[PDB]
């Protein structure tokens, strides 16, 4: 017998270009149905939805037993029609990267995707919960998704209340995203930003029985991606900025680029659902 998923649903939406998206939604587990939810609730939108929906859903459900639980929120995972894999490399390359003059073909569709989230996904989800009003909205993404979250903050800060950038791919075009950050701070209720990374991303330890050639290759890749220091450079630029209410930065000790996803999505939704508004930075 297959495993049923309670208090959740999925449906397909097409963007204005006719490209399909899998929208997966879940809500607090104790609810008899969607209509039992009344009043203001927070909502989190998670890009690369197929990779993270289940963990976000279940982590949110685990909060019901926690002392600091406030009522929870709605999880929305924005993904792709997939079988046997968690990512759509072609689709996400366009959807999650900002437009640049030097970007290769199939990149630079972040604003098209952000428009799709605001104009199609958000109303579609709102229509599933007519009694519920949206108290606040968070955008979560990891890697290229984290780059998207930062791009959204710097170019359309009013779009979401909270931006959660897990291990953001600042390396993809550091000149681009850091120029956008510089333009953001130098320009005249502010949103909040959570930035995180794993401590093994830039400084990976050697595995047991790992050959030296293989390890030096991993170390060189890690140095080029520069995950921790690019994130710290960005957070330094944003320090003392009036256009940001709070900036929370977190290095997860002992986590790599993949493993940190469990930590960051769980803490991201938990803090957004239970610790809002954040303390002023």
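Numbering follows the first chain given and starts at 1.
The modelled chain breaks after residue 188 and resumes at residue 189, leaving 4 to 9 residues of the deposited sequence without coordinates. Look at the mean CA B-factor for 202-210 and for 145-153 in the entry; the higher one is 202-210. For the two regions 130-138 and 108-116, the entry's Cα B-factors average higher over 130-138. Of the candidates 37, 42, 254, 49, the PDB record gives 37 the highest C-alpha temperature factor.
For the set 250, 242, 55, 26, the PDB entry assigns the largest Cα B-factor to 242. The entry lists a Cα temperature factor for residue 13 that places it in the highest third of the chain's modelled residues. When the CA B factors of the chain's modelled residues are split into thirds, the value for residue 226 lands in the middle one.
Compared with the other modelled residues of the chain, the Cα B-factor recorded for residue 174 ranks in the highest third.
In the deposited entry, the Cα temperature factor of residue 61 places it in the lowest third of its chain's modelled residues.
Compared with the other modelled residues of the chain, the Cα B-factor recorded for residue 84 ranks in the highest third.
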